[PDB]
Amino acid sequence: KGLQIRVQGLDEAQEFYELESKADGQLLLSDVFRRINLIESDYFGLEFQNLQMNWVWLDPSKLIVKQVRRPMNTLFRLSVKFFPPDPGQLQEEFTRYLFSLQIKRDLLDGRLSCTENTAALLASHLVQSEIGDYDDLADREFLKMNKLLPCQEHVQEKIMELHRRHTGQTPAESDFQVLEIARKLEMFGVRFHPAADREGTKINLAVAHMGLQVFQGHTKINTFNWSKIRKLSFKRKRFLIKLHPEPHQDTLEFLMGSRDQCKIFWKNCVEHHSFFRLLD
């Protein structure tokens, strides 16, 4: 048979895709990339909402019908999968635009936590990009009907104040400022995978362009560069980081919630390493 799949773009606009029932994840990804003419598409992937309404990555090598129960009723969305160290250096204006929309998303849903002043500054550039130069009446109208920050009301004056500085800046220049600000934040591109150490201390694991990170709360306790990592594995609920000597306990153990969570994080790490270090 044939399927009709709904995919939400980074600009929040939903389009519909007609695909055969035999389609892999890769076919849908390719059709989405073609529809929006995304040339630098390797940084991006698709996630969907499972029945507990959590977001899961679409596996491009598996059949879609084997990953999702009601593909016709399921929401998919375009997302950045791999954050490069400096998205401002991406070649295409459209790609940088998509990255600024990813930041916009992360800022609103709280993935990108930062100080209030930094949030306000990011939001002020985001306002410049959508509606142009500062206007008292138009800025208040926009902020009434658009939410950029999780707790925006008491920050709105600061957002507008800062927006007065950006007179004359084009949407592309605005996107660039958003990327330059965001790439310098500790939480940029960060996605937490909760776990506990040997002592039982709650921590968060994450993977990024340089290697693995360890967080306690929102403060980063450690970074293991790819060069320092000998091997990554998982044994049931345990995730294992084997380090190169120098030097005797060369293994860090982290207990995660389920085996499937270990596995998802392991795959994420192997994919990151491959993407940022290996030539296919």
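Start at 1 with the first residue shown and count on from there.
- In this entry, residue 246 is separated from residue 247 by 1 to 3 residues of the deposited sequence that have no coordinates.
- The deposited model assigns a higher average Cα B-factor to 221-229 than to the other stretch when 43-51 and 221-229 are compared.
- In this entry, the higher average B-factor at the C-alpha atoms falls on 191-199, of the pair 191-199 and 168-176.
- Among 116, 133, 92, 109, the highest C-alpha B-factor recorded in the PDB entry belongs to 133.
- In the PDB entry, the Cα temperature factor peaks, among 96, 125, 81, 144, at 144.
- For residue 256, the recorded CA B-factor ranks within the highest third of the chain. Only modelled residues enter the ranking.
- Sort the chain's modelled residues by C-alpha temperature factor and residue 29 lands in the lowest third, per the entry.
- Per the PDB record, residue ranking by Cα B-factor puts residue 11 in the middle third of the chain.
- Among all modelled residues in this chain, the alpha-carbon of residue 277 has a temperature factor (C-alpha) in the middle third.
- In the PDB entry, residue 137 places in the highest third of its chain by CA B-factor.
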